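Scroll down for the structure; my scribbles are underneath it.
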Amino acid sequence: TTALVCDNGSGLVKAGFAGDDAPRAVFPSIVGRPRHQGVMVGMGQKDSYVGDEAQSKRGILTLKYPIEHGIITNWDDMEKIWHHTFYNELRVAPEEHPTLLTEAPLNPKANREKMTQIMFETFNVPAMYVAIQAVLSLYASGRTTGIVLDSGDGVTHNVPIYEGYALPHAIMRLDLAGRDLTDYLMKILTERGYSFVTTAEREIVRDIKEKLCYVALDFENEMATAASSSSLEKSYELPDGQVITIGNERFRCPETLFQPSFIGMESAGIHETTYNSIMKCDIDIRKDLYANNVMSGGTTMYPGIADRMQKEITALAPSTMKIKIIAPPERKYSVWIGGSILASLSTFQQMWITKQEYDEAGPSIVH
Amino acid sequence: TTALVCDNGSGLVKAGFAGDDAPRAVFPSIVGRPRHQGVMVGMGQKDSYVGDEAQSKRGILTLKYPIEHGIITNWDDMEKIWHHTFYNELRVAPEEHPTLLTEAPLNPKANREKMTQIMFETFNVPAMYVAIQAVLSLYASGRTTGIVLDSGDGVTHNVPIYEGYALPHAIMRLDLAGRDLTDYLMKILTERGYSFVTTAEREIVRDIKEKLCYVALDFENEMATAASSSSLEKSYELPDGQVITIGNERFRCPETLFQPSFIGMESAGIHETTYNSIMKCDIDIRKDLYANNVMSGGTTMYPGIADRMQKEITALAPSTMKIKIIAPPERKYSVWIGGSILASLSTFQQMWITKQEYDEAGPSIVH
Amino acid sequence: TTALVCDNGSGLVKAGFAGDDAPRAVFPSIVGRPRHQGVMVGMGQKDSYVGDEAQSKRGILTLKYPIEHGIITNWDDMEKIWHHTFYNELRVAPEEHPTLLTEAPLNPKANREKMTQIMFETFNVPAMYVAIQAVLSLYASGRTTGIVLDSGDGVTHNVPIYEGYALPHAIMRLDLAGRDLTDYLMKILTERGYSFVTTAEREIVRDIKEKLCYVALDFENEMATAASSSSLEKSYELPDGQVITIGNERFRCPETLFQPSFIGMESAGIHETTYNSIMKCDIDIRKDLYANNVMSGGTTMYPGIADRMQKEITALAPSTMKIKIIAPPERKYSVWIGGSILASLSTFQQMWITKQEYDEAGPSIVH
C-alpha cells in the first residue's frame, strides 16, 4: 500500500495520498455545536458538525477552530477531525497505509509525543513520522538552500536552511499572521459600520480577507492617493443581500505584515525578521540565503507580495547583492507537494517509526 | 388505539383522529345562554347551547366566544366545549385515546399548566402533549425552514424557524387580526346605515367578512377607481329579507392588515413585522427565511393575499433577493394536518406526557 | 466665559456647565409625534414633543429614541434635541461658550466628522472637542489605571487604560445592555399576562427595570428559593390603577448581563469579557488591571453588582490575586463629573478645536 500525507493545517487541513497530482481533501478545520434548540422532530441533527457541513450551516452553530496559536485545543475534537477526514473524505482505513503527519516549528513539548501516542492507540496506523511544515516547502520548490516561511492562520515562521543542514540558532516564530489579521480586519470594518462580531460571521470576514485585500507599493503614497477622489473601493455582496464597499482598509490590513504597530504588538515585520535571521548566520552562508528567499503558506497569497518584500529587503540589505524572492503559484498546497515527494523516496521508508518499535520505545523515540 | 388531534382554535375549534384525510368536527366555539323567558311548557330548553345549535338559535341567546385575545374566559365553559366535542361530535371516550392538544405562542403562564392539570383530572386521558399551532404548520406544508403565521380571530403570530431549530429572539405576537377586523367591519357598516350592534348579529358580520371582502393591489389606486362610477358593490341578502350593498368598505376592512392605523392602533403591519423579525436573525440564516414565508390560519384566506404581501415585501427587501410566499389552499385546516403527521410518527409516542409520570411530577413537567 | 459639558447620552442626555457640583439638565432623549387627530381648536399642539413634555404626554404620541445601537437616527431630530437643551433648559447661547461633547468608543466613521461639522455650522460654537464617555470616568473616580465601562441603553463597552496610556488591542464593544434588557423584560412580563407592547408603555417597563429588579448571588440557588413558597414578589402600581406582581423574572432580567444565552445571543458575559480583555494585555500590566475594575453608566446601578461580578471574576482569575471592584454611587453622572474636571484644567484649553482652525482644516482635523 500507498502512503498517506495528511497535513495538520492551521487553516485548512489538507489530505491526499503520496503522489502525484494534487490533494484530495481540503477543508476549514472548524467544529461547531448547535447554539439553538431544535423543533423538527426527526431529529436528524448531528452532535457536532465538522467542515464542510459547518460552513454550510452557518448562523445556527458556534464555530470553534480546533488549532489556535499553533497548538491544539483538545484531542477530543482533534480525533473527530481525524476520524471525519480518513473515513468520510478519503475513504480509507489507517491500518492500510503508513502515514506522514506534519507539525509547526517551535511548538511546545510534550505536544508531539501526546499526539503521536494518541494517534497510534486510537487509529492503529502501522507506521508514522512527523515533519515540520517549513522543511517540506524546500522539496516542493526543488531547492536545497533558503529561508522557509510556514504562514497560516495564525502563526508564521522563519526557518533558515543551508545545503542541506538546518541552522538552530536563527529560527524565528512570529505569532502575527493570519488570524490576527482576520480579527484586525473585523476591527477596521466596524469603523465603516458593518458589525460582524459573531463567530459564524467571522468566516465571511476571512473570505473578504482572501479576495478583496491587496498590498501597497509604499504605504504613504497609497495613503496619498486614498485621499484623492479616485476609487479604490471594491463592492462585495453579502448573503443577506447587503453591499459592502471597502477602500482605505483594503490595503491597510495586509500592510500589517510589514508594520505590526497597526495591531499594537511590539514584534518586527517580515522585512526585518528576514534580515535579522540572515545576520545571525555565518558570513560565507549569508551569500546564498539571499536569492533563496522562499515564501509559503496561503496567507502569503496577497498580490503585492513578493515585490513589496523585494523592494524593502533590497533597501536594507548590502549594496550590489543579488536578491530574488521565490513565490510560485499554489503556495497553500506547497506543503502537501513537499510531503508527497518525501514519502515516495527511498530510503525514507526506513525512517518511519513503526508500531513494534514504538511499542518497545514509548514516547521517547520522538526526538 | 388511535390518537386524537384536537385543536384549540380561536375560531373554529377543530377535531379529528390522527390521519389521514380531513377533520371530522369543526364548529364555531360559541356558548350562549337564553336572554328571554320561556313560555312553552315542555320545557325542552338547554341551560347553555353550544355551537352548532347556538348558531341555529341566534337572536334568543347571547353568544360568548370562550377564548378571547388568545386566552380562555373560564374553564367552566371550556370544559363544556370539550365535553360537547368528545361526546356529541366525535363519539369517543378520552380514556380510549392518547390526545394531542394545541396552544398559541406567547401565551401567559400558568395557563398551560392549569389547562393540562384540569384536563387530566376531568377527562382522565392516558397521555397528552401541547403543541403551539404555528410549529404544526411547518409539517403541513412539508417545510423545515420558514416564518410561520397562526392567524385566527383575534390573535396573529409571526414565528421564525430554521432547519430545524426555533429562534426565540425574533418571535412576534400581534393582537391585530381577526376579531378586531370583525369589530371594525361593524363600525364601517354602521356608516352605511346598517345597525348590527347585538351579539348574535355580530356572527352575520363575520360571515360577510369571510365571503364578500377582498384585498387591493394598491390602496390609493383602488380608492381612485372607487371614486369612479364603475360598480365595486356586491349585494348580500340578510335572513330577514334585507339587501345590503357594500363597496368602498369591502377593500378597506382587509387592508387594515397592512395598515393598522385604520383601527388607530400603534402596531405595524404584517409587511413590516415580517421584515423586522427576519432582520433580528443572524446574517447567513436570512437568506432562507426569504422564500419560505408560509401563511396559515383562516384569516389569511382573503383573495389578494399573498400577492399584495409579495409586492410589499419585495419593495422593502434587498434588491435581487428571491422571494416566494407560500400560501396553499385549506389554510384553516393546516394546523390539523400538521398535528396528524406529528402524532403518527415514531418516536414521538415517547414524547407524550403519560398519566403516571404526570401524577408523580405535577404541573412542573410542562415545560 | 464658562465652558459647557454636554453629554451625548444613550439614555438620558446630560447637560451642565464646567464645575463644580451636579448636572443642571437630565432628560430622556425621546422625541414623539402625535398619533391621533386633534379636535380642540386652539390649537396649541407642538409638531414634535421632546422629553420631559413627551414623558408627560404618553399614550397620544409615538416615542422614538433618537440614538439607537450607539448611533444617531438622523440629525434632523438630533438638532431638535440640541436646540431644546441649550435654549429651553440651560438658557444659554452656544456662541457664548466653548463646548465639550461626548461620544461612544467604537462608533463608525464618518459619524464624528458629520456631527462636528453640522454642529459648527448650525450652532456656531467658538470651539469644541469630542471625548469618549469611558475615558472621562477615570477622572471621575480619580484613577489613572483600570478598565472603564460605559454602559447605557443599549450599548456597553469595556476599555482598558494603564497609567496613562490606552491599549487599542483589547477594546471590546458589546451591544448587550440595556435596551435589549428592556425588550427582554417586556417579553418575560407578557408571560405573566401583562401586555405592554406599545411604544409609550415601553417607558413604564424601563421604569420597573430601574426600581424593582435585582441581581442574584448565584442563579441556581435563587431559582431554588423561587420554587419555595416564600415571597420574592414585589407589587408595582400602574397609572391606570393596575397592580403588577413580579418575582421569578425580577432576578432573571439582570442576570442576562452574566448570561446572554437568555436573549439567545452568542456573545459572552461581562465576567468573561473583563477577563479576556485583561488577558489580551502584556504580563506586567495585568497586575494593576485587577483591582482597578471600575463600573460606570446607569445600567450598572442594580444592587447585586458588583458583588456578583466580584465572586465570578475571583473564581476565574488566578489564585491569590488581589481583586477589588470599584463602584461608587452616582454612576449615571460619572461621565459628567469626568468632563467637568477635564474642561477646567490647563492646558486642555489649547486642545480644543477652534472655529478658525476648523474652517481651514475641514473634517480631517478630527482625528
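Some observations on this one:
- Computed E for C:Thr347/B:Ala22 - FRET, C-beta separation, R0 56 angstrom, nearest 0.05: 0.10
- For the peptides A:13-20, C:219-226, the ranking by mean Cβ contacts within 10 Å, running from highest to lowest, is A:13-20, C:219-226.
- The other copies place their C:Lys234 label points at 5.5, 5.5 nm from this one, listed shortest first, where each point is 7 Å from Cα along Cα→Cβ.
- Estimated distance in nm for a label pair at A:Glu330 and B:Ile60, the labels positioned 7 Å out from Cα along Cα-to-Cβ: 9.3
- Averaged over peptide A:235-245, the number of partner chain Cβ atoms lying within 10 Å of each residue's Cβ comes to 4.
- Per-residue HN-Hα couplings for the stretch A:159-168 [Karplus 6.51, -1.76, 1.60; θ = phi - 60°; Hz; x = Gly/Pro]: 10, x, 10, 10, 2, x, 10, 9, 9, x
- Taking the average, over residues, of other Cβ atoms within 10 Å as the packing measure, peptides C:40-52, C:290-302 rank C:290-302, C:40-52 from highest down.
- When the stretch A:261-316 is reduced to its Cα atoms, the Kirkwood hydrodynamic radius in Å: 12.8
- Fraction of antiparallel bridges per DSSP, the stretch A:65-181 only, in percent to nearest 5: 80
- The convex hull built on the alpha-carbon positions of the stretch B:247-358 has an orientation-averaged projected area of 11.2 nm².
- Number of partner chain Cβ atoms within 10 Å, mean per residue of B:165-173: 5
- Flagged links, alpha-carbon separation over 28 Å, of B:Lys57/B:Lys80; B:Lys324/C:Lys64; A:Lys14/A:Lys109; A:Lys234/C:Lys64; C:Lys80/C:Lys114: B:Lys324/C:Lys64; A:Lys234/C:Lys64
- Cα-Cα P(r), the stretch C:180-320, percent of pairs per 5 Å interval: 2, 8, 17, 19, 18, 13, 9, 6, 4, 2, 1, 0
- Here A:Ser344 yields copy-to-copy label distances, from shortest upward, of 5.9, 8.0 nm, the label point defined as 7 Å from Cα along Cα to C-beta.
- Mean shadow area of the stretch C:6-72, taken as a quarter of the surface of its Cα convex hull (nm²): 5.8
- Sorted shortest first, the separations between the C:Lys322 label point and its copies elsewhere in the assembly read 6.5, 6.5 nm; each point sits 7 Å from Cα along the Cα-to-Cβ line.
- Estimated FRET transfer efficiency when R0 is 25 angstrom, pair A:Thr122-A:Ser364 (beta carbons, to 0.05): 0.80
- Axis proximity, chain A to C: residue whose C-beta lies nearest, plus whole-Å distance: A:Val197, 3
- Using the Cβ-Cβ distance between B:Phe262 and B:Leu232 with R0 set to 25 Å, the FRET efficiency from 1/(1 + (r/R0)^6) comes to roughly 0.90.
- Put simply, the C-alpha atoms of the stretch B:96-150 give a gyration tensor, and the ellipsoid matching it has half-axes of 25, 15, 6 Å, longest first.
- For the protein assembly as shown, the share of DSSP beta bridges that are antiparallel, to the nearest 5, is 75%.
- Here the Kirkwood formula puts the hydrodynamic radius of chain A at 22.2 Å, using every distinct Cα pair.
- In the protein assembly as shown, inverting the average of 1/r over every pair of distinct C-alpha atoms gives 34.5 Å as the Kirkwood radius.
- Remark on C:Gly152: its backbone amide H falls under 5 Å from those of C:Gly178, a criterion applied only to residues 5 or more positions apart or on other chains, H modelled at 1.01 Å from N.
- Shape of the stretch B:49-156, Cα gyration tensor, a/c cut at 1.5: oblate
- Less than 5 angstrom separates the built amide H of C:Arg35 from those of C:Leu61, C:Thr62, all sequence-distant by 5 or more or on a different chain.
- Remark: spin-label model distance C:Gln356-C:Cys281 equals 4.2 nm, labels positioned 7 Å along the Cα→Cβ axis.
No lab work stands behind these numbers, since they all come straight from the coordinates. Heads up, the Cβs are rebuilt from the backbone with ideal geometry, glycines too, and the neighbour counts pull from every protein chain shown.
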